């Protein structure tokens, strides 16, 4: 498993390149295997890259694309803090993807009511099916990263980042609002052919360098966000400055 670093001059150029790269990865995966399975992320650059994908959406047959999320805010479905809602407005509402191919994590007014543990366990059941299936794993897991190295809703020192067994857990006390989240764990992230971290800004430079360098994930969660075939850091020059 190689680490690939692709640097772009600024956020705009980064987001455009990441979206392009994803279009090409989806098309390659469909070419090699007849389908593509992608895990989406939240945050500025994560959503921004999807708007670039939208511009090229006519190149892809979306009935052969399967969509998951890496984490989600456990809040009402219509809340603007929802990762799924932002991905739908950026891209998913605008493409011909069967709803059965799209697997949003639950909302707090959803299927499980306000039961966070139940909502995370439901998503774990869903992932268990895929990983035990005929064509298992994710092709690409997209990630943003915070300045303290968090990815998905896996924060430093937490039980979530230490989890070695469950594929998905509830986080009830995120130090960044909102407090309650559903997140894939590192074992789930590591069952991806590629993990792409799309990271912009000087505030992220230390965490990028520490993560590329191989820190303990308990201290820098992004350090454990590694793909089976490769880990791709799509960074701007500011986020790359400590390399």
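Positions refer to the first chain, counted from 1.
Note on 223-231 vs 17-25: mean CA B-factor is higher in 17-25.
The PDB entry records a higher mean C-alpha B factor for 173-181 than for its counterpart among 66-74 and 173-181. Ranking 93, 139, 84, 109 by the C-alpha B-factor listed in the PDB entry places 109 at the top. Highest CA B-factor among the listed residues (42, 58, 213, 48): 58. Sort the chain's modelled residues by C-alpha temperature factor and residue 130 lands in the highest third, per the entry. For residue 194, the recorded CA B-factor ranks within the lowest third of the chain. Only modelled residues enter the ranking. In this PDB entry, the Cα temperature factor of residue 53 sits in the middle third of its chain's modelled residues. Sorting the modelled residues of the chain by their CA temperature factor places residue 101 in the middle third.
Compared with the other modelled residues of the chain, the Cα B-factor recorded for residue 202 ranks in the middle third.
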